[PDB]
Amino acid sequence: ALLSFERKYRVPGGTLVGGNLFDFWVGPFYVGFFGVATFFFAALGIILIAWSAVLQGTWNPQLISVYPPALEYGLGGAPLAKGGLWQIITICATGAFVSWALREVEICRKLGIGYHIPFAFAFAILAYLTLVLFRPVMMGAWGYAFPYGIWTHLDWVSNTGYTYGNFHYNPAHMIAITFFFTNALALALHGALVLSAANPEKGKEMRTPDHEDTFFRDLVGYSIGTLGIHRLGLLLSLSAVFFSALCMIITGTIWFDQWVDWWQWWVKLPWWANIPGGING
């Protein structure tokens, strides 16, 4: 079925591979070559998860956990049950994520819109590969990657973080958090502002964008504008994820001590480093 205004857009063309062979829809979903590839990787990866569940001995989704190979395996291959499934499932997940992004690109072309969406999705893919590929490789073992389990992968975050004391002190970690908090802050303000203008007080006619500008100038003396807030929201969310991958790719590769120690260069500058008093004196 279609939306009332959808038919005029369902024209042929825009594909990157296969011409018109996969240029069609299944219900609302557009297929395309990379829709087929996505389905292929996704189906295969899910079969390997089910197969790992059988080896594990449970069909409870809360317990299923596919672990990477032990550290002793280094960066070589491992038997399916002893880390190989994680390796293959990681290959399929990458194929699915990348196929998904290229499918979005084909949809941008058919609709004549910009490519901002798949470009933003690629930052999320980057963060995934930072944890399962880049950081393990640089450290020299797939075992440093995280396990595929609802709860076991939270334990990995806790074990990895506390290996370096309080991970809070990772300075790139602080920056990434600031963008996550600021992003949610900006998202709430933006959603609230449009709704407040489209849904004014009772007995009032719909507001204009000038009211949105005026409201924020009255509130904090500046309005970024209708275009600027969408630029901002894109930048806040991508910067948050960028510094996330940054704060981890440096952990265990060029930094190995507790992250609080990193802040010593400031405290122990030879001039004020010895002045008695204060917290550090």
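Sequential numbering from 1, following the sequence displayed.
Set 254 to 262 against 11 to 19 and average the Cα temperature factors; 254 to 262 ends up higher.
With 28 to 36 and 55 to 63 compared on mean CA B-factor from the PDB entry, the stretch scoring higher is 55 to 63. Out of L80, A127, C108, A176, it is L80 whose C-alpha atom has the highest B-factor in the PDB entry. Sorting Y73, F123, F97, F180 by the CA temperature factor given in the entry leaves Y73 at the top. Sort the chain's modelled residues by C-alpha temperature factor and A186 lands in the lowest third, per the entry. For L85, the recorded CA B-factor ranks within the highest third of the chain. Only modelled residues enter the ranking. Per-chain ranking of the deposited C-alpha B factor places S196 in the lowest third. When all modelled residues of the chain are sorted by CA temperature factor, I150 is found within the highest third. Per-chain ranking of the deposited C-alpha B factor places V241 in the lowest third.
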